[PDB]
Every structure is written in structure tokens, then in C-alpha cells.
file data_31.csv (CSV, C-alpha atoms and all ligand atoms)
chain,number,residue,atom,x,y,z
A,2,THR,CA,104.5,45.0,10.6
A,3,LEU,CA,106.2,48.4,10.2
A,4,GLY,CA,109.9,49.3,10.9
A,5,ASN,CA,112.0,52.5,11.0
A,6,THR,CA,113.7,52.5,7.5
A,7,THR,CA,113.2,54.8,4.5
A,8,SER,CA,115.2,54.1,1.3
A,9,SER,CA,115.6,55.7,-2.1
A,10,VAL,CA,116.4,54.7,-5.6
A,11,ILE,CA,118.0,57.4,-7.8
A,12,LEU,CA,116.5,57.5,-11.3
A,13,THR,CA,117.9,58.4,-14.7
A,14,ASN,CA,115.7,60.5,-17.1
A,15,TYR,CA,116.2,59.5,-20.7
A,16,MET,CA,114.6,62.3,-23.0
A,17,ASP,CA,111.5,62.8,-20.7
A,18,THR,CA,110.2,59.4,-22.0
A,19,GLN,CA,112.0,56.8,-19.9
A,20,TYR,CA,112.8,56.9,-16.2
A,21,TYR,CA,114.7,54.0,-14.7
A,22,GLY,CA,117.0,53.0,-11.8
A,23,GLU,CA,119.5,50.3,-11.0
A,24,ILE,CA,118.9,47.0,-9.3
A,25,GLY,CA,121.3,44.1,-8.5
A,26,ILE,CA,120.4,40.5,-9.1
A,27,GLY,CA,122.3,37.4,-7.9
A,28,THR,CA,125.6,36.7,-6.2
A,29,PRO,CA,127.7,38.5,-7.1
A,30,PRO,CA,125.2,41.3,-8.1
A,31,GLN,CA,124.4,41.7,-11.8
A,32,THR,CA,123.3,45.2,-12.4
A,33,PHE,CA,120.2,46.1,-14.5
A,34,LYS,CA,118.5,49.3,-15.5
A,35,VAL,CA,114.8,48.9,-14.7
A,36,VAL,CA,111.6,50.9,-15.0
A,37,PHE,CA,109.6,51.0,-11.7
A,38,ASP,CA,106.2,50.4,-13.1
A,39,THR,CA,102.9,50.9,-11.2
A,40,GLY,CA,101.0,49.6,-14.3
A,41,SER,CA,102.3,46.0,-13.9
A,42,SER,CA,103.1,43.6,-11.1
A,43,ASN,CA,105.9,41.4,-12.3
A,44,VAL,CA,109.7,41.8,-12.1
A,45,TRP,CA,111.6,40.8,-15.3
A,46,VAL,CA,115.0,41.2,-16.9
A,47,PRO,CA,116.4,39.9,-20.2
A,48,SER,CA,118.0,36.4,-19.9
A,49,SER,CA,121.3,34.9,-21.0
A,50,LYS,CA,119.1,32.2,-22.5
A,51,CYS,CA,117.5,34.7,-24.9
A,52,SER,CA,118.5,33.8,-28.5
A,53,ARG,CA,120.8,36.4,-29.9
A,54,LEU,CA,118.6,36.5,-33.0
A,55,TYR,CA,116.5,38.8,-30.8
A,56,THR,CA,118.6,41.9,-31.4
A,57,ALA,CA,117.2,43.5,-28.2
A,58,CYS,CA,119.0,40.7,-26.3
A,59,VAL,CA,122.3,41.7,-28.1
A,60,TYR,CA,122.0,45.3,-26.9
A,61,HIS,CA,120.9,44.9,-23.2
A,62,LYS,CA,122.3,43.5,-20.1
A,63,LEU,CA,121.4,39.8,-19.8
A,64,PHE,CA,120.8,38.0,-16.5
A,65,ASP,CA,123.0,34.9,-16.3
A,66,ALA,CA,121.7,32.4,-13.7
A,67,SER,CA,124.9,30.4,-14.3
A,68,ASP,CA,126.9,33.3,-12.9
A,69,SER,CA,124.9,33.5,-9.6
A,70,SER,CA,125.5,31.3,-6.6
A,71,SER,CA,122.2,32.3,-5.0
A,72,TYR,CA,120.0,31.4,-8.0
A,73,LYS,CA,117.1,29.0,-7.5
A,74,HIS,CA,115.5,27.3,-10.5
A,75,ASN,CA,111.8,27.3,-11.1
A,76,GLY,CA,111.3,27.3,-14.9
A,77,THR,CA,107.6,28.0,-15.1
A,78,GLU,CA,106.8,29.8,-18.4
A,79,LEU,CA,105.4,33.3,-18.3
A,80,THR,CA,104.2,35.7,-21.0
A,81,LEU,CA,103.7,39.4,-20.1
A,82,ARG,CA,101.3,41.1,-22.4
A,83,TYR,CA,101.7,44.9,-22.2
A,84,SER,CA,99.8,47.4,-24.3
A,85,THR,CA,103.1,48.4,-26.0
A,86,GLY,CA,104.5,44.9,-26.7
A,87,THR,CA,105.0,41.4,-25.3
A,88,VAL,CA,107.8,39.6,-23.5
A,89,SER,CA,108.0,35.9,-22.7
A,90,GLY,CA,110.4,33.7,-20.8
A,91,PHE,CA,110.4,31.7,-17.5
A,92,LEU,CA,110.4,32.2,-13.7
A,93,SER,CA,113.5,32.2,-11.6
A,94,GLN,CA,114.3,33.1,-8.0
A,95,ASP,CA,117.4,35.1,-6.8
A,96,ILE,CA,118.5,37.8,-4.4
A,97,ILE,CA,117.5,41.3,-5.6
A,98,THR,CA,119.0,44.5,-4.1
A,99,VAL,CA,117.1,47.7,-4.6
A,100,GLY,CA,118.1,50.9,-2.7
A,101,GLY,CA,120.3,48.9,-0.3
A,102,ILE,CA,117.3,46.6,0.6
A,103,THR,CA,117.9,43.0,-0.2
A,104,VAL,CA,115.0,40.5,-0.9
A,105,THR,CA,114.6,37.0,-2.2
A,106,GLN,CA,112.5,37.6,-5.3
A,107,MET,CA,110.7,35.5,-8.0
A,108,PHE,CA,111.2,37.2,-11.4
A,109,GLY,CA,111.0,36.6,-15.1
A,110,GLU,CA,114.1,35.7,-17.2
A,111,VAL,CA,113.0,36.9,-20.6
A,112,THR,CA,114.0,34.8,-23.6
A,113,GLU,CA,111.7,36.4,-26.2
A,114,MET,CA,112.1,40.2,-26.5
A,115,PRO,CA,110.8,41.9,-29.7
A,116,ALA,CA,113.0,44.5,-31.4
A,117,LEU,CA,110.0,46.9,-31.3
A,118,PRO,CA,109.7,48.3,-28.8
A,119,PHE,CA,112.7,47.0,-26.8
A,120,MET,CA,115.5,48.2,-29.2
A,121,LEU,CA,114.1,51.7,-28.3
A,122,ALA,CA,114.5,51.0,-24.5
A,123,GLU,CA,117.4,52.4,-22.5
A,124,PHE,CA,116.2,50.2,-19.7
A,125,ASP,CA,116.9,46.5,-19.6
A,126,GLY,CA,113.8,45.4,-17.7
A,127,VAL,CA,110.9,46.3,-15.4
A,128,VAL,CA,110.1,46.2,-11.7
A,129,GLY,CA,106.3,45.8,-11.4
A,130,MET,CA,105.1,48.0,-8.5
A,131,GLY,CA,101.4,46.8,-8.9
A,132,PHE,CA,99.5,44.3,-6.8
A,133,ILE,CA,99.7,40.6,-6.5
A,134,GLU,CA,96.2,40.3,-8.0
A,135,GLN,CA,97.6,41.4,-11.4
A,136,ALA,CA,100.8,39.5,-11.2
A,137,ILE,CA,101.1,36.9,-14.0
A,138,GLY,CA,101.8,33.5,-12.3
A,139,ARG,CA,100.5,34.9,-8.9
A,140,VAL,CA,104.2,35.7,-8.1
A,141,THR,CA,104.6,37.9,-5.0
A,142,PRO,CA,105.6,41.3,-6.2
A,143,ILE,CA,108.8,42.9,-4.9
A,144,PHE,CA,107.2,45.6,-2.7
A,145,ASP,CA,105.1,43.0,-1.0
A,146,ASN,CA,108.3,41.0,-0.2
A,147,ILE,CA,110.0,44.1,1.1
A,148,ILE,CA,107.0,44.9,3.3
A,149,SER,CA,107.2,41.3,4.7
A,150,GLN,CA,110.7,42.1,6.2
A,151,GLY,CA,109.2,44.7,8.5
A,152,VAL,CA,111.8,47.4,7.9
A,153,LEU,CA,109.9,50.1,6.0
A,154,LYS,CA,108.5,52.9,8.1
A,155,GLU,CA,105.3,53.1,6.0
A,156,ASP,CA,103.5,50.8,3.6
A,157,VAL,CA,104.0,53.4,0.8
A,158,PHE,CA,106.3,54.4,-2.0
A,159,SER,CA,106.6,57.7,-3.9
A,160,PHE,CA,107.7,58.9,-7.3
A,161,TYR,CA,109.5,62.1,-8.4
A,162,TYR,CA,110.2,62.5,-12.1
A,163,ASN,CA,112.3,65.5,-13.0
A,164,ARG,CA,111.9,67.7,-16.1
A,165,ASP,CA,115.6,67.9,-17.1
A,166,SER,CA,116.9,65.3,-19.6
A,169,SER,CA,123.4,66.1,-16.8
A,170,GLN,CA,124.1,67.6,-13.4
A,171,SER,CA,120.5,67.0,-12.4
A,172,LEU,CA,118.7,64.2,-10.6
A,173,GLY,CA,116.6,62.4,-13.2
A,174,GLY,CA,114.1,61.2,-10.6
A,175,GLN,CA,113.7,59.4,-7.3
A,176,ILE,CA,111.6,56.6,-5.8
A,177,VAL,CA,111.2,56.5,-2.0
A,178,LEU,CA,110.4,53.1,-0.6
A,179,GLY,CA,108.7,53.5,2.8
A,180,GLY,CA,107.7,57.2,2.6
A,181,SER,CA,108.0,60.4,0.5
A,182,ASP,CA,110.7,63.0,0.2
A,183,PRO,CA,109.7,66.6,1.2
A,184,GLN,CA,112.6,67.9,-0.9
A,185,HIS,CA,110.5,67.1,-4.0
A,186,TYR,CA,107.0,68.3,-3.3
A,187,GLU,CA,105.2,71.3,-1.8
A,188,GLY,CA,101.8,72.1,-0.5
A,189,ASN,CA,99.6,69.3,0.9
A,190,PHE,CA,98.9,65.9,-0.5
A,191,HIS,CA,95.4,65.3,-1.9
A,192,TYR,CA,94.3,61.7,-1.9
A,193,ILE,CA,92.0,59.7,-4.1
A,194,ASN,CA,91.1,56.2,-3.0
A,195,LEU,CA,91.5,53.1,-5.3
A,196,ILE,CA,88.4,52.2,-7.3
A,197,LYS,CA,89.3,48.5,-8.1
A,198,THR,CA,91.0,45.6,-6.3
A,199,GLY,CA,94.7,45.2,-7.2
A,200,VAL,CA,95.2,48.1,-9.6
A,201,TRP,CA,96.7,51.6,-9.1
A,202,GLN,CA,93.5,53.0,-10.7
A,203,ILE,CA,91.2,55.8,-9.6
A,204,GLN,CA,87.9,57.5,-10.5
A,205,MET,CA,88.3,60.6,-12.8
A,206,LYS,CA,85.3,63.0,-13.0
A,207,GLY,CA,86.1,65.0,-16.2
A,208,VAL,CA,88.8,66.0,-18.7
A,209,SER,CA,88.7,69.7,-19.7
A,210,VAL,CA,90.3,71.6,-22.6
A,211,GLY,CA,90.3,75.3,-21.9
A,214,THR,CA,84.8,70.0,-19.9
A,215,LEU,CA,84.3,68.2,-23.2
A,216,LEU,CA,85.4,64.6,-22.1
A,217,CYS,CA,84.7,62.1,-19.3
A,218,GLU,CA,81.6,64.1,-18.5
A,219,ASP,CA,79.7,61.3,-16.8
A,220,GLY,CA,82.8,59.7,-15.2
A,221,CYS,CA,85.7,57.5,-16.3
A,222,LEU,CA,88.9,55.7,-15.0
A,223,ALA,CA,92.6,56.7,-14.7
A,224,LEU,CA,95.4,54.2,-14.3
A,225,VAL,CA,98.3,56.0,-12.6
A,226,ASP,CA,101.2,54.4,-14.5
A,227,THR,CA,104.7,55.3,-13.5
A,228,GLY,CA,106.0,53.0,-16.3
A,229,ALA,CA,104.3,54.9,-19.2
A,230,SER,CA,105.9,57.9,-21.0
A,231,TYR,CA,102.7,59.7,-21.8
A,232,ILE,CA,99.1,60.4,-20.8
A,233,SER,CA,96.8,58.1,-22.7
A,234,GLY,CA,93.1,57.8,-23.3
A,235,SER,CA,91.0,55.6,-25.6
A,236,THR,CA,91.2,56.1,-29.4
A,237,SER,CA,87.8,57.8,-29.4
A,238,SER,CA,88.7,60.0,-26.3
A,239,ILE,CA,92.0,61.1,-27.8
A,240,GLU,CA,90.4,61.8,-31.2
A,241,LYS,CA,88.1,64.4,-29.6
A,242,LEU,CA,90.8,65.8,-27.4
A,243,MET,CA,93.1,66.2,-30.4
A,244,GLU,CA,90.5,67.8,-32.7
A,245,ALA,CA,90.0,70.4,-30.0
A,246,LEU,CA,93.8,71.1,-29.9
A,247,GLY,CA,94.0,71.2,-33.8
A,248,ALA,CA,96.7,68.5,-33.8
A,249,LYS,CA,97.5,66.1,-36.7
A,250,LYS,CA,97.3,62.3,-36.3
A,251,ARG,CA,100.4,60.4,-37.4
A,252,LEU,CA,101.2,56.7,-36.9
A,253,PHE,CA,102.3,56.6,-33.2
A,254,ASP,CA,101.7,60.2,-32.0
A,255,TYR,CA,99.9,63.4,-32.5
A,256,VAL,CA,101.8,66.6,-33.6
A,257,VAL,CA,101.2,70.3,-33.9
A,258,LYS,CA,103.1,72.9,-35.9
A,259,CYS,CA,105.9,74.0,-33.5
A,260,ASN,CA,105.0,77.7,-33.7
A,261,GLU,CA,101.5,76.7,-32.4
A,262,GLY,CA,102.8,74.8,-29.3
A,263,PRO,CA,102.8,77.8,-26.9
A,264,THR,CA,99.3,78.8,-27.9
A,265,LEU,CA,97.7,75.5,-27.0
A,266,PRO,CA,95.2,75.4,-24.2
A,267,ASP,CA,95.4,73.9,-20.7
A,268,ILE,CA,94.3,70.3,-20.2
A,269,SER,CA,92.7,69.6,-16.8
A,270,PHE,CA,92.0,66.2,-15.2
A,271,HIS,CA,89.4,66.2,-12.4
A,272,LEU,CA,90.6,63.8,-9.7
A,273,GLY,CA,89.0,63.6,-6.2
A,274,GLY,CA,87.7,67.2,-5.9
A,275,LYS,CA,90.8,68.8,-7.4
A,276,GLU,CA,91.5,69.9,-10.9
A,277,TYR,CA,95.0,68.8,-12.1
A,278,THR,CA,96.1,71.2,-14.9
A,279,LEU,CA,98.8,70.9,-17.5
A,280,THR,CA,99.8,73.9,-19.6
A,281,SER,CA,101.2,73.4,-23.1
A,282,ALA,CA,104.7,73.5,-21.7
A,283,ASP,CA,103.8,70.4,-19.7
A,284,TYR,CA,102.6,68.3,-22.7
A,285,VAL,CA,104.4,69.7,-25.9
A,286,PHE,CA,107.9,68.5,-26.8
A,287,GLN,CA,108.7,72.1,-27.8
A,288,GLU,CA,111.8,71.3,-29.9
A,289,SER,CA,111.7,74.5,-32.1
A,290,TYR,CA,109.3,77.5,-32.7
A,291,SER,CA,109.3,77.1,-36.5
A,292,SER,CA,106.1,76.8,-38.6
A,293,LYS,CA,108.0,74.4,-40.9
A,294,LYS,CA,108.6,71.9,-38.1
A,295,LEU,CA,106.3,69.5,-36.3
A,296,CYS,CA,106.4,69.1,-32.5
A,297,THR,CA,105.0,66.0,-30.8
A,298,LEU,CA,102.6,65.9,-27.9
A,299,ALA,CA,103.1,63.8,-24.8
A,300,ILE,CA,99.5,62.5,-25.0
A,301,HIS,CA,98.8,59.4,-27.2
A,302,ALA,CA,95.9,57.0,-27.8
A,303,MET,CA,96.1,53.6,-26.0
A,304,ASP,CA,93.1,51.3,-25.9
A,305,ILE,CA,93.7,49.2,-22.7
A,306,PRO,CA,91.6,46.0,-22.7
A,307,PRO,CA,89.3,44.7,-19.9
A,308,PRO,CA,89.3,44.2,-17.1
A,309,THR,CA,91.8,47.1,-16.4
A,310,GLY,CA,90.3,49.3,-19.2
A,311,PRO,CA,88.9,51.0,-21.1
A,312,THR,CA,90.8,53.7,-19.2
A,313,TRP,CA,93.0,56.8,-19.3
A,314,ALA,CA,96.6,56.3,-18.1
A,315,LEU,CA,98.5,59.1,-16.4
A,316,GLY,CA,102.2,58.4,-17.1
A,317,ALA,CA,105.4,60.5,-16.8
A,318,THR,CA,103.8,63.6,-18.4
A,319,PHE,CA,101.5,63.8,-15.4
A,320,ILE,CA,104.0,62.6,-12.8
A,321,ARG,CA,106.6,65.3,-13.8
A,322,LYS,CA,104.2,67.9,-12.5
A,323,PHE,CA,102.6,66.0,-9.6
A,324,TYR,CA,104.8,64.1,-7.1
A,325,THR,CA,102.9,60.9,-6.5
A,326,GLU,CA,102.5,58.8,-3.3
A,327,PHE,CA,101.2,55.2,-3.7
A,328,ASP,CA,99.7,54.3,-0.3
A,329,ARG,CA,99.2,50.5,0.1
A,330,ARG,CA,97.9,50.7,3.8
A,331,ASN,CA,94.9,52.9,2.9
A,332,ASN,CA,94.5,52.0,-0.8
A,333,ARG,CA,94.9,55.5,-2.1
A,334,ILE,CA,97.1,57.6,-4.4
A,335,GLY,CA,98.3,61.0,-3.2
A,336,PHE,CA,99.3,63.9,-5.4
A,337,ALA,CA,101.2,67.1,-4.6
A,338,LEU,CA,102.9,69.8,-6.6
A,339,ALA,CA,106.4,68.5,-7.6
A,340,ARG,CA,109.5,70.5,-7.2
A,401,LIG,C1,107.8,49.3,-19.4
A,401,LIG,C2,106.7,48.9,-20.4
A,401,LIG,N1,105.7,50.0,-20.6
A,401,LIG,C3,105.9,51.0,-21.5
A,401,LIG,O1,105.0,51.9,-21.6
A,401,LIG,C4,107.1,51.3,-22.3
A,401,LIG,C5,107.2,50.6,-23.5
A,401,LIG,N2,108.3,50.8,-24.3
A,401,LIG,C6,109.2,51.7,-24.0
A,401,LIG,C7,110.4,51.9,-24.9
A,401,LIG,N3,109.2,52.3,-22.9
A,401,LIG,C8,108.1,52.2,-22.0
A,401,LIG,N4,108.1,52.9,-20.8
A,401,LIG,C9,109.0,54.1,-20.6
A,401,LIG,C10,108.9,54.7,-19.3
A,401,LIG,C11,109.5,54.3,-18.2
A,401,LIG,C12,109.0,55.1,-17.1
A,401,LIG,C13,108.1,55.9,-17.6
A,401,LIG,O2,108.0,55.7,-18.9
A,401,LIG,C14,104.4,50.0,-19.9
A,401,LIG,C15,103.6,48.7,-20.1
A,401,LIG,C16,102.2,48.7,-19.5
A,401,LIG,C17,102.4,49.0,-18.0
A,401,LIG,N5,103.2,50.2,-17.8
A,401,LIG,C18,104.5,50.3,-18.4

call {"tool": "encode", "arguments": {"input": "data_31.csv", "output": "C-alpha cells", "more": "lines below"}}
Ligand SMILES: CCN(C(=O)c1cnc(C)nc1NCc1ccco1)[C@H]1CCCNC1
result
Amino acid sequence: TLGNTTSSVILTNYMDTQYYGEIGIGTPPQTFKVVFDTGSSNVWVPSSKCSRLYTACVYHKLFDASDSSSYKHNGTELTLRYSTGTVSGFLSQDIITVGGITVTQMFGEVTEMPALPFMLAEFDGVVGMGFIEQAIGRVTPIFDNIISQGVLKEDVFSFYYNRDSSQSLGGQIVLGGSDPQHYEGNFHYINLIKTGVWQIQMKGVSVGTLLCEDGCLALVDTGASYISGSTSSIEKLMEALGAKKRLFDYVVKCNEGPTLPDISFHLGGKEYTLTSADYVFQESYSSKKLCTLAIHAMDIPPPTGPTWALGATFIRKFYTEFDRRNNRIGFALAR
């Protein structure tokens, strides 16, 4: 059942690595900064019941069910195991406002929130934009609840991530459509390869085709900062670029950054090409300095992986439509 409404959420861009917007939970609304994440399916925010021995709970906005007159208890425990870290807590229900749309939503109140990585997060929590099939606890995701109301024009949502981390718009999510202000040319669509995941077939990864030669998978993950591949995939990619492996990233001498070759991802009969300016944090041009690349190793376990993940590095260049009605992802050139 489709309506006549389009809505948007304005996003903040923290340092090209974290894109997040505001949601309101409870009555009166308690405001949270949240990543809208196509790589997961659950909503969660940190809880007032989080021990303050978790220093991440000292430095973030905490949802207090005891301040909301529309809260409904559930209390079922949940653990969310991401590739970057784990959160745990319990289920609650309350009214959530996102882009002036109001829904009754089941979400996680997080009581265990490790310092790494969450002391490095500008955002407080996550809004899972994935499918109910990957929701821990089988909890109906927020976009499915919004769709139930019959207000949105289309069963789609779209992401714009800007390149500029103060006057500028950091990014934008359109619920119920896409914004022509932020893309140009036509959309090119790739249909989903697997039930309940924003994942597509990829036909090759080229440097200057030396990877994914007989096919592989790409998770399109709005909640991830970087492009990732498996450890073995990224090892071969990075040897070809001449980059040095550190603990949590790969780097190149800053003077070498501009000389680095294009990296192309073959998706649905189009080649999607990033130049070095799209994947190098070009912080200086000195030979004495090291500059980090926005491509990291991430071994994602079954059944989602092994897989590449196309995060904000990719989405900055390519405006992305997530089409629930037709089970496809559309890309167009961002502006
Ligand atoms: C939100 C948890 N995620 C992060 O990768 C992540 C971890 N830690 C920090 C500090 N930031 C993260 N995301 C920054 C960001 C926001 C939007 C674009 O990138 C992932 C978990 C797996 C599903 N996909 C999302």
C-alpha cells in the first residue's frame, strides 16, 4: 500500500568516516544521533541502564525509558555482533520520529557498549535499514513499519553522502524516493543476489582486472566508512598499489597518493571507477608523511560473507537507491 509522501533526513558528515542524522524517541522526544545502516536490520541506542563503567555510556546520549510516557516494556535480551564490535542490551518499544514520520518501533536499549570502537563514534546509535530476515530477535525493522502506514510514495530509500567534512549539507536520506538535486545521469540497477541482504553480484575488481575474476559478492553498506574486501583480497589489492600494512589500515607515502591508479568495481554491466582522490585521505603531499587509504580488510563471516563491502568511500561518488519493491540497488553519479 503506497501513499503520496516523500521525506528526508539531513545528515552530518564527521571527517568522511561517519554519516549520521537525528531521530527522536519517546514522549517527550529524546534526540539521538544515529547511523542509517543498510548492513544491519536493528534499531538501537545506548540506555540509561548502561553501567557508567562503560565510558562510552558516559560520553553519549542515553535513552531513559523512565522519562518517556509512551514507552512499552519488553525486556528480551539482544546481542548485536558487528564486524567492528559488539553491543548488548534488551528490547523496548516506543514512538520514534524520523524525518517527521512517526512510528511505533521495537528497538534495543544498549547496556554493554565497549570503549573500542564506541568511544570513537560521534553517533549514539544505529538505525538498521536492512531486512527483517537479518534482524536479531525477528524485530520488524523501522522502514518496514513506515511502509505499513501507507504514506510513502515508493517502497524505496536513497543515500547521498557529501565529500565536505561547515556551510555544507553532510548528506541526505530520502525515505520514499530519491532527490534529483543530488544525482545526474540515469540510474543503473543491480538486482539482489540473496534473501534479506542489501548484497549484489560483483563481476571483477580492477586496478589500472586482477581480483574477483570468476565472480564475488558486494554488500552495499551505508553504515561502513570504507570499502572492504577479505584479508587475502585486500592483500593483493594493496601490493598492487604499493601500500604498507599497519594495524587497522593501509597507508601510502603522501607524495605517492596522487600517482595511485584507479580502482574499478564491475557491477551489473557497468564499471564503477574510483580515482586516488576518491580513496586517499590526502592530508599532505610530503614524502615524510603517511596518508591512509579508505579501503581496509574486513573478513565478514557466513552466511553474509565472505564478501566485499562498499561503504561511504563508494557512496560519496555514487548516489544509491535501495529499492525494496523490486529487490534492487540503483547507482547514479552523485552531485
Ligand atoms: C555502525 C556500526 N558499523 C561500523 O562500521 C562502524 C563502527 N565503528 C564506528 C566508529 N563507525 C562505524 N560506522 C561509521 C559510518 C557511519 C556511516 C558510514 O560509516 C557497521 C557494522 C556492520 C554493519 N554496517 C555498519

call {"tool": "residues_near_point", "arguments": {"input": "data_31.csv", "point": "(91.0, 53.8, -19.3)", "cutoff": "6 Å", "atoms": "only C-alpha atoms", "output": "PyMOL selection string"}}
result
chain A and resi 222-223+310-313

call {"tool": "residues_around", "arguments": {"input": "data_31.csv", "residues": "residue 94 of chain A", "least_positions_apart": "2", "cutoff": "6 Å", "atoms": "only C-alpha atoms", "output": "PDB file with C-alpha atoms, in the coordinates of the input"}}
result
ATOM      1  CA  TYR A  72     120.000  31.400  -8.000  1.00  0.00           C
ATOM      2  CA  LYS A  73     117.100  29.000  -7.500  1.00  0.00           C
ATOM      3  CA  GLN A 106     112.500  37.600  -5.300  1.00  0.00           C
ATOM      4  CA  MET A 107     110.700  35.500  -8.000  1.00  0.00           C
TER       5      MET A 107
END

call {"tool": "closest_residue", "arguments": {"input": "data_31.csv", "among": "A:285, A:303, A:216, A:272", "to": "residue 85 of chain A", "atoms": "only C-alpha atoms"}}
result
A:303

call {"tool": "residues_around", "arguments": {"input": "data_31.csv", "residues": "residue 91 of chain A", "least_positions_apart": "4", "cutoff": "6 Å", "atoms": "all atoms listed in the file", "output": "count of residues only"}}
result
6

call {"tool": "closest_residue", "arguments": {"input": "data_31.csv", "among": "A:219, A:254, A:38, A:165", "to": "ligand LIG 401 (chain A)", "atoms": "all atoms listed in the file"}}
result
A:38

call {"tool": "build_atoms", "arguments": {"input": "data_31.csv", "residues": "segment 287-302 of chain A", "atoms": "N, CA, C and O atoms", "output": "PDB file, in the frame of the given file"}}
result
ATOM      1  N   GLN A 287     108.470  70.860 -27.099  1.00  0.00           N
ATOM      2  CA  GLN A 287     108.700  72.100 -27.800  1.00  0.00           C
ATOM      3  C   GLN A 287     110.177  72.149 -28.286  1.00  0.00           C
ATOM      4  O   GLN A 287     111.038  72.737 -27.635  1.00  0.00           O
ATOM      5  N   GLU A 288     110.434  71.524 -29.434  1.00  0.00           N
ATOM      6  CA  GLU A 288     111.800  71.300 -29.900  1.00  0.00           C
ATOM      7  C   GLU A 288     112.294  72.495 -30.775  1.00  0.00           C
ATOM      8  O   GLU A 288     113.501  72.691 -30.888  1.00  0.00           O
ATOM      9  N   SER A 289     111.369  73.223 -31.400  1.00  0.00           N
ATOM     10  CA  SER A 289     111.700  74.500 -32.100  1.00  0.00           C
ATOM     11  C   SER A 289     110.407  75.375 -32.007  1.00  0.00           C
ATOM     12  O   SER A 289     109.409  74.976 -31.405  1.00  0.00           O
ATOM     13  N   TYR A 290     110.475  76.571 -32.587  1.00  0.00           N
ATOM     14  CA  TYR A 290     109.300  77.500 -32.700  1.00  0.00           C
ATOM     15  C   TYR A 290     108.936  77.723 -34.185  1.00  0.00           C
ATOM     16  O   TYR A 290     108.161  78.630 -34.474  1.00  0.00           O
ATOM     17  N   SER A 291     109.466  76.913 -35.098  1.00  0.00           N
ATOM     18  CA  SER A 291     109.300  77.100 -36.500  1.00  0.00           C
ATOM     19  C   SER A 291     107.881  76.597 -36.995  1.00  0.00           C
ATOM     20  O   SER A 291     107.377  75.585 -36.502  1.00  0.00           O
ATOM     21  N   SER A 292     107.291  77.295 -37.958  1.00  0.00           N
ATOM     22  CA  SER A 292     106.100  76.800 -38.600  1.00  0.00           C
ATOM     23  C   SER A 292     106.335  75.640 -39.585  1.00  0.00           C
ATOM     24  O   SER A 292     105.414  74.896 -39.908  1.00  0.00           O
ATOM     25  N   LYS A 293     107.584  75.474 -40.021  1.00  0.00           N
ATOM     26  CA  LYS A 293     108.000  74.400 -40.900  1.00  0.00           C
ATOM     27  C   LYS A 293     108.231  73.057 -40.182  1.00  0.00           C
ATOM     28  O   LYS A 293     108.341  72.023 -40.833  1.00  0.00           O
ATOM     29  N   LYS A 294     108.335  73.086 -38.851  1.00  0.00           N
ATOM     30  CA  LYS A 294     108.600  71.900 -38.100  1.00  0.00           C
ATOM     31  C   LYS A 294     107.375  71.416 -37.312  1.00  0.00           C
ATOM     32  O   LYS A 294     106.490  72.203 -36.979  1.00  0.00           O
ATOM     33  N   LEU A 295     107.339  70.117 -37.036  1.00  0.00           N
ATOM     34  CA  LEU A 295     106.300  69.500 -36.300  1.00  0.00           C
ATOM     35  C   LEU A 295     106.808  69.109 -34.918  1.00  0.00           C
ATOM     36  O   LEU A 295     107.935  68.634 -34.805  1.00  0.00           O
ATOM     37  N   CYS A 296     106.016  69.354 -33.883  1.00  0.00           N
ATOM     38  CA  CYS A 296     106.400  69.100 -32.500  1.00  0.00           C
ATOM     39  C   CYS A 296     105.373  68.070 -31.956  1.00  0.00           C
ATOM     40  O   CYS A 296     104.167  68.239 -32.144  1.00  0.00           O
ATOM     41  N   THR A 297     105.862  67.027 -31.294  1.00  0.00           N
ATOM     42  CA  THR A 297     105.000  66.000 -30.800  1.00  0.00           C
ATOM     43  C   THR A 297     104.444  66.269 -29.401  1.00  0.00           C
ATOM     44  O   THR A 297     105.055  66.986 -28.607  1.00  0.00           O
ATOM     45  N   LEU A 298     103.251  65.750 -29.140  1.00  0.00           N
ATOM     46  CA  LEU A 298     102.600  65.900 -27.900  1.00  0.00           C
ATOM     47  C   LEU A 298     102.758  64.703 -27.024  1.00  0.00           C
ATOM     48  O   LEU A 298     102.782  63.586 -27.549  1.00  0.00           O
ATOM     49  N   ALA A 299     102.865  64.899 -25.711  1.00  0.00           N
ATOM     50  CA  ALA A 299     103.100  63.800 -24.800  1.00  0.00           C
ATOM     51  C   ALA A 299     101.737  63.186 -24.279  1.00  0.00           C
ATOM     52  O   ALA A 299     101.563  62.850 -23.108  1.00  0.00           O
ATOM     53  N   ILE A 300     100.797  63.071 -25.215  1.00  0.00           N
ATOM     54  CA  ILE A 300      99.500  62.500 -25.000  1.00  0.00           C
ATOM     55  C   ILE A 300      99.203  61.663 -26.255  1.00  0.00           C
ATOM     56  O   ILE A 300      99.314  62.170 -27.370  1.00  0.00           O
ATOM     57  N   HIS A 301      98.930  60.374 -26.063  1.00  0.00           N
ATOM     58  CA  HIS A 301      98.800  59.400 -27.200  1.00  0.00           C
ATOM     59  C   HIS A 301      97.487  58.583 -26.951  1.00  0.00           C
ATOM     60  O   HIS A 301      96.919  58.596 -25.869  1.00  0.00           O
ATOM     61  N   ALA A 302      97.036  57.886 -27.984  1.00  0.00           N
ATOM     62  CA  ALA A 302      95.900  57.000 -27.800  1.00  0.00           C
ATOM     63  C   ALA A 302      96.457  55.591 -27.409  1.00  0.00           C
ATOM     64  O   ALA A 302      97.462  55.124 -27.938  1.00  0.00           O
TER      65      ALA A 302
END
